[PDB]
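Let's start with one chain on its own, the form deposited in one PDB entry, as structure tokens.
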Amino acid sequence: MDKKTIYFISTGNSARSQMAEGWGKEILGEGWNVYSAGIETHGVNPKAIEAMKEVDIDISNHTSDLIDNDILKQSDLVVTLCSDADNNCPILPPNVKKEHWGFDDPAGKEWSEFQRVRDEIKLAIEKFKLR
């Protein structure tokens, strides 16, 4: 069979969606197409790159993409990673297989917060693999 698709969307495509794309590529590897996008495109966060390098995953070559409506409707799973009321949580079309996995925004915080969120995102993806 062909690969299934998981889309990790958020307020931006800088930290949480990028660390999720990173863990998604490594854990869900051969059976899943793992993309990520955001409402805002602020580039790939420097501390998220460094946090993922600490666990031997390279995300420095990821792109900062905007949310494309075609991929939302065609995915097997769309995961919103925003904090359900911060500012700018994604707009989703009907019949789109969605799920909400909330994680705190580490933007502007110390390196330790990127570490904490990285490992919460890891555990979530590891739990997802064995469903």
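A residue's number is simply how far along the shown sequence it sits, counting from 1. Here, rigid core means the biggest group of C-alpha atoms that superpose within 1.5 Å across both forms. Only residues modelled in both forms are compared.
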item	value
Stretch with the greater mean C-alpha B-factor as recorded in the entry, comparing 34 to 42 against 67 to 75	67 to 75
97 to 105 set against 44 to 52, stretch whose average Cα temperature factor tops the other in the entry	97 to 105
Chain-relative CA temperature factor third for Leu92	highest
Assigned third (lowest, middle, highest) for the C-alpha B factor of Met1	highest
Ranked C-alpha temperature factor of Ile57 among modelled chain residues, by third	middle
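In what follows, reference is made to the form deposited in another entry, a form of this protein that is not presented.
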query	finding
Position with Cα shift of 2 Å or more, rigid core superposed between the shown form and the other one, options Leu77, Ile67, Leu28, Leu92	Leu92
Note on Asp86-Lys25 C-alpha separation in that other deposited form, which departs from the shown form by 3 angstroms or more	closer
Direction of Cα pair change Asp86-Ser112 in that other deposited form, magnitude 3 angstroms or more	farther
Runs in sequence order between the shown form and the other one, three or more residues long, with CA shifts of 2 Å or more on the rigid core	83 to 96
